[PDB]
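First up is the structure itself, then whatever we jot down about it.
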Amino acid sequence: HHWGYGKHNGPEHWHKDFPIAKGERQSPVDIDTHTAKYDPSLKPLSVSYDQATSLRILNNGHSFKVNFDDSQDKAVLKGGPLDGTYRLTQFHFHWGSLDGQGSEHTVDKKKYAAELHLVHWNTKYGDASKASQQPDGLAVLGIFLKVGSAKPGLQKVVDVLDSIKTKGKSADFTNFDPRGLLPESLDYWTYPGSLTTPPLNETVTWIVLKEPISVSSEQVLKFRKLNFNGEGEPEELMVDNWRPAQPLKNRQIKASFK
Ligand SMILES: N=C(N)NC(=N)NCc1ccc(S(N)(=O)=O)cc1
Ligand SMILES: [Zn+2]
């Protein structure tokens with residue numbers, strides 16, 4: 001009875017096996033744009049992805065994920081609210097059954113069709129496992145997806161999805177450039193939070209970009225053809241793999257922009 005997104009194993013059940021689900025620093029959250037405070041002390045974010053080395057793409061039964069070579073400082077996130085250097089290790093997405101839902105974060109209660117998470121770890125802790133347990137160990141760059149014009153830099157991803165339809169399947173996925181997934185503006189909101197799946201560790205500095213990327217209907221429809229189930233199990237489409245907004249509690253969301 002492993003965690004998932006169904007009626008019997010979804011977000012409202014997670015606290016039983018991961019009690020921090022009811023913690024003080026859980027993610028995602030609703031971003032109230034009129035309560036978020038502009039912080040003139042914040043730096044421009046530095047997203048340095050030119051030397052990224054993608055390795056493989058996997059369906060893990062909860063999303064699909066592209067792993068990167070993080071054995072040296074190839075693709076890093078710096079600046080903004082961060083102190084030190086954060087190495088890109090993986091990206092994945094959350095998405096909906098319909099275009100009107102799918103994001104984890106919301107903006108003035110608005111849901112987007114999907115949300116991209118670029119996951120980074122603080123190099124001062126040496127490896128991602130150790131970093132994941134530290135209060136300033138991880139930084140997730142979150143990017144909203146809306147449906148409209150196609151995103152050309154996403155097409156290589158959606159064309160490989162037919163090869164990883166079911167849980168446990170992986171494929172080679174070298175030479176993918178994550179710069180092709182970024183919007184024009186790096187304006188962002190930031191707040192201290194958590195992983196949005198089990199184990200829900202409260203170890204993430206969230207950086208959520210204000211500007212969504214557009215993807216086509218055809219692109220997001222291909223996400224929805226993935227399966228939660230393994231090969232030779234009854235088919236259950238991988239859709240609505242998002243955690244709802246959690247209580248903000250004693251946190252302030254800061255804006256990088258006026
Ligand atoms: N359940 C796991 N395999 N997850 C794990 N340890 N990966 C850690 C992990 C990384 C990022 C995110 S997210 N959605 O906040 O960006 C969730 C979980
Ligand atoms: Zn995520």
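All Cβ positions, even for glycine, are placed from backbone atoms using ideal geometry, and neighbour counts span all protein chains on display. Values in this text are rule-based calculations from the coordinates and carry no lab data.
For the reader, a short list of remarks on this structure follows.
To keep it simple, each residue is scored yes or no on (1) charged (D, E, K, R); (2) under 30 Å from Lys254 (Cβ atoms); (3) crowded, with 22+ Cβ neighbours inside 10 Å; (4) within 16 Å of ligand 2 (Cβ to nearest atom).
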position	(1), (2), (3), (4)
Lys169	yes, no, no, no
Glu184	yes, yes, no, no
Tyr188	no, yes, yes, no
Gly193	no, yes, yes, yes
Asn201	no, yes, no, yes
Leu226	no, no, yes, yes
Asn229	no, no, no, no
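- Single match in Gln219, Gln246 (criterion: in contact with a helix residue (DSSP H, G or I) (Cβ under 7 Å, 6 or more places away or on another chain) and buried (at least 18 other Cβ atoms within 10 Å of the Cβ)): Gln219
- Among the residues of region 1-47, those that are closer than 16 Å to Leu209 by Cβ and without any contact (Cβ under 8 Å) to a residue 40 or more places away in the chain comprise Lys43, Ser46.
- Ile164 within 15 Å of the chain's Cα centre (by Cα) and surrounded by 21 or more Cβ atoms within 10 Å (Cβ to Cβ): no
- In region 89-106, residue nearest to the chain's Cα centre (by Cα) [restricted to those that are more than 12 Å from ligand 1 (Cβ to nearest atom) and among the hydrophobic types (A, V, I, L, M, F, W, C)]: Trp95
- Residue-level analysis places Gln134 outside the set of residues that are within 18 Å of the chain's Cα centre (by Cα), touching a residue at least 40 places away in the same chain (Cβ under 8 Å) and either within 15 Å of ligand 1 (Cβ to nearest atom) or outside any strand (DSSP E or B) (or both).
- From the list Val107, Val66, the one residue that fits, being more than 15 Å from ligand 2 (Cβ to nearest atom), in contact (Cβ under 8 Å) with a residue 12 or more places away in the chain and crowded, with 16+ Cβ neighbours inside 10 Å, is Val107.
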